[PDB]
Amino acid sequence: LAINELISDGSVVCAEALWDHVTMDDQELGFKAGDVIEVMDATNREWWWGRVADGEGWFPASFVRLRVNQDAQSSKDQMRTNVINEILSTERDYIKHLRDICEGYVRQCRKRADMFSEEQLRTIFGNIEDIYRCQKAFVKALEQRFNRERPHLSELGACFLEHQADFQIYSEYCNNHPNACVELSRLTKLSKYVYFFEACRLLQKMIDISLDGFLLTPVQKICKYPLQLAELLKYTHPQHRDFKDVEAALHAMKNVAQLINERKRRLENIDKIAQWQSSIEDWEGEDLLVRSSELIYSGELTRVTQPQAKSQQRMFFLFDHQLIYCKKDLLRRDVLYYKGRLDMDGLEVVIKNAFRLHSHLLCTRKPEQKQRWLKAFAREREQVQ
């Protein structure tokens, strides 16, 4: 929450994306897990305004992690010590969420077989109870490595390394998570469940987050780890006792978050695309999901009607295999009207450019924008080949 003031003083606040953010709204910021994001406004609880390279726009905060050290041996040790303290702080908080879930929610549900079947409990909670048992041990092992007197000397890499297999159980959790959300959404629509769940919180005295927020913490945590180990390494001496292990812990934790993240990414594209198409006015040809599964790049572009000669600016949207184009409702930006599309299969590219098959003419207002489109297209043919 201290971020409120740093941005007001004009200070430069950076963060890093733990999940990919997928969007077609030209006012929202899209990024891939791991990208650095400058947060310029954090007025809102969740939707902050940010900036990367080719742009800025709104983005969810819960999707990013703030660098511990924003802005020579006493200082350099203090930095590593900051990360060390964050790691330890986030595990202490994360264990409180898991405890609140298991003792405040699960325990209760499992005691009301008349509302939850064994199947539902498994669908809603997954293996959250196993995650809770392992994390309690992990916290204990992290803390025993903590050098209270001289923090920066704490060795944590080996500790991550010793729990490798244990972090493997996040796959099951994250894999079943989409299903939990569906059952939850459903139950959300049933007064008797809405009440029982509220009654759950009014007895466990719980953090003020919804059941949906809680159930997402394990997915965030596992995907956050690579960011934490990474900033730890950045401040670990090239010859620290911990150096080798951290670098190792990082490598292994990436392999886990990457799979979890890619899956989450593939699934969100499917739904964003469907939801998107639907929000669009006067849709015409075949549905996007028929030939597509991923938005490669989007953004304003002006095409020039070759039948006659008029040129119009439109919001183009390149997916794998096809380029759609829409016109923004003058006096209501949020409203788009379908206008057409093209089949990237067969089409070639050669602040203006054209498509070749048989051509189509297009251009922007800034050299920067063109060079970025050329990428999108090259990436488009790479995801295709």
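Quick note: we count residues from 1 along the sequence shown, nothing fancier.
- The gap between residue 71 and residue 72 holds 10 or more unmodelled residues of the deposited sequence.
- Counting the deposited residues that fall between residue 45 and residue 46 and carry no coordinates gives zero.
- When the two stretches 80-88 and 229-237 are set side by side, the higher mean Cα temperature factor goes to 229-237.
- A summary of the deposited B-factors shows that, of 110-118 and 310-318, the stretch with the larger mean C-alpha value is 310-318.
- Taking only the listed residues 216, 137, 128, 207, the entry reports the highest CA temperature factor at 207.
- When the C-alpha B factors of 99, 303, 133, 145 are read from the deposited coordinates, the top value falls at 303.
- The PDB entry assigns residue 368 a C-alpha temperature factor belonging to the highest third of its chain's modelled residues.
- Annotation for residue 184: C-alpha temperature factor in the lowest third relative to the rest of the modelled chain, per the entry.
- Among the modelled residues of its chain, residue 95 has a C-alpha B-factor that falls in the lowest third, as given in the PDB entry.
- When the modelled residues of the chain are ordered by their C-alpha B factor, residue 355 lands in the highest third.
- The deposited CA B-factor of residue 328 belongs to the highest third of values across its chain.
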